[PDB]
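The primary structure of each chain is shown beneath.
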Amino acid sequence: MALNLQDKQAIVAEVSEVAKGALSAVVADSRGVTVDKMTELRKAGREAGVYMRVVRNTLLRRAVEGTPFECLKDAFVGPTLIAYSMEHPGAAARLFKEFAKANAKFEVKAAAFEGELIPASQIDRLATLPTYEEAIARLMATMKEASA
Amino acid sequence: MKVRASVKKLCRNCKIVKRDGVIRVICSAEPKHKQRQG
Amino acid sequence: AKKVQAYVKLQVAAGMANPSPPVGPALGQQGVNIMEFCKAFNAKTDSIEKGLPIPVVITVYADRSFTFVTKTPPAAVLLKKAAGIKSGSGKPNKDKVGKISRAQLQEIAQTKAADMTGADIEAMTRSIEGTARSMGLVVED
RNA sequence: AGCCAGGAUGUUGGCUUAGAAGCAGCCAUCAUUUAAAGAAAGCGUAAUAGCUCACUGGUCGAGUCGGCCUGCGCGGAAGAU
């Protein structure tokens, strides 16, 4: 905590993510370790490189300090710890699914998937955002339905 | 007892208390430290 | 990995798993077997190399039969056998006498990239500089 | 202030020593993952080990810290009809 010209940088980046971000989840790292974040690091690297940033910010004037602009439901995701997993170019492509998997490995917690605000709902682990490009499952029945 | 004209905290654990109008050094960690003004 | 139990890292001998003075029984005695360390450790160690310090951590809880694991070499000793003078200082660190190579310090860290947080392969190297300049080792860069 | 966590890598820095792994010393007192973590402040050891402490993260939700001037008080304060 230097004075104010340091924290505001955090708010700038966080508001940039929340406003200029996408679908995202929480990850409750009460006792964060080396390897949990390392696996999260690989997972974020898969999404187009480094834009699945996950910093340890559960703090009201720090992470809750960008809520008023965008994601105006983060006061209840303001408590003890929420390492919000904000997104960026793309979509939900596999962020929730990958979390839902890596948290179920006993990785510390995600506060019961408190959730971000893409929908008008609060907590619903969905699998309805894996497939967003596939255009070849429609060319599998063309050479088997001509004879008969 | 170190019963001393001069008494003082020695370490972080040493605490100064007066009881019955007398200074004592009382130390949680070190029995040696525990003192007395006399 | 997500949970560790304990580890005693020591520089032991790849050629033969049987030192008396250096470690001998001190290598593992608190549930560790000195008989399981010459029937499996040399099993994987003919497949890379033997002769230099190869630290090992042993997985012994109370069941007497562990699962040996490997390690990675030290980076400050990497500048002794691969960089220049072995010792590094020679004298107390007051006067710069040492040196290193320019093409090296880039590939001599790619081996030990399995224990480096800096994501970029070269951001791994930048850390080496600090390791390589421990005494002020002056690269003719 | 307490109360929950961490208190990590090169590393056990090297010698001289008997052994020296923070803690016998002499001496460099650096660098790394960085929330931070002393080549180490105590204890501890055969020496490791181990135990803390430093700094730092979590709860909590008003005050809090140590200097200056001066008033009055305490101790220092034991003799013999």
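Reading the values: the criteria
- Residues numbered from 1 in each chain as written, not as in the entry; some residues may be left out.
- Chains lettered and ligands numbered in written order.
- Part of a larger assembly, values for the part shown.
- Heavy atoms only, no water.
- Salt bridge = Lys/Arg side-chain N within 4 Å of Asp/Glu carboxyl O.
- Helix = DSSP H or I, 4+ residues; strand = E, 2+ residues; numbered from the N terminus.
- Buried < 20%, exposed > 50% of the residue type's maximum accessible area, 1.4 Å probe, protein only.
- Expected span 1.5 Å × (residues − 1).
- Arc of directions from axis to C-beta.
- Near = heavy atom within 4 Å.
- Polar contact = N/O pair within 3.5 Å; in protein donor to acceptor, adjacent residues only side chain to side chain.
- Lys, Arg positive; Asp, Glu negative; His and termini not counted.
- Contact = heavy atoms within 4.5 Å.
- Patch = residues over 30% accessible without salt bridge, like charges linked within 9 Å, V, L, I, M, F, W, Y side chains within 5 Å.
- Areas by Shrake-Rupley, 256 points an atom, 1.4 Å probe, with all protein chains shown as cover.

Structure determination for this entry is recorded as cryo-EM, at 3.7 Å resolution.

*Asks:* So what exactly am I meant to see when it comes to the pattern of salt bridges here?
*Replies:* It is possible for side chains of opposite charge to pair when their charged atoms get near one another. All names here are of chain A. What the rule picks out here adds up to six salt bridges over all chains. Between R46 and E98 there is a salt bridge; the shortest N-O distance is 2.5 Å. Of this pair, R46 sits in helix α2 (residues 34-46) while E98 sits in helix α3 (residues 95-103), and the two are 52 residues apart along the sequence. A residue is classified by how much of its surface remains accessible, and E98, at 8% relative accessible area, is buried.

*Asks:* Honestly, helix α1 (residues 7-19) of chain A in this entry has me stumped. Any pointers?
*Replies:* One full turn of an α-helix is made of 3.6 residues, so residues set three or four places apart face in the same direction. Residues and elements named next belong to chain A. Counted at 1.5 Å a residue, the expected span for α1 with its 13 residues is 18 Å, and the 18 Å between its end C-alpha atoms agrees. Along α1, the residues that are buried comprise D7, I11, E14, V15, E17 and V18. Projected down its long axis, α1 carries its buried residues within an arc of 160°, all on one side.

*Asks:* Explain the protein's contact with RNA strand D here, please?
*Replies:* What surrounds RNA strand D is a group of 15 residues, the closest being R31 and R56 of chain A, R12 of chain B together with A76 and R126 of chain C. Each atom of RNA strand D within 4 Å of the protein was assigned to sugar, phosphate or base; sugar and phosphate come to 92%. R31 of chain A places a polar side-chain atom, nitrogen or oxygen, 3.0 Å from a sugar or linking oxygen of RNA strand D. For RNA strand D, a phosphate oxygen lies 2.5 Å from a polar atom in the side chain of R126 of chain C.

*Asks:* Can you help me understand the side chain of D36 of chain A in this one?
*Replies:* All names here are of chain A. Tracing the backbone through its elements, the reader meets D36 in helix α2. No salt bridge is formed by the buried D36; its nearest oppositely charged neighbour, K37, is found at 7.9 Å. A distance of 2.8 Å separates the side chain of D36 from the backbone nitrogen of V33, its partner in a polar contact. If sequence neighbours within four positions are ignored, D36 has contacts with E107 and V108.

*Asks:* What am I meant to see in a nonpolar patch on the surface here?
*Replies:* On the surface, a cluster of nonpolar side chains totalling about 300 Å² of accessible area is made up of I136, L139 and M140 of chain A. Along the chain, the position of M140 of chain A falls in the segment after α3.

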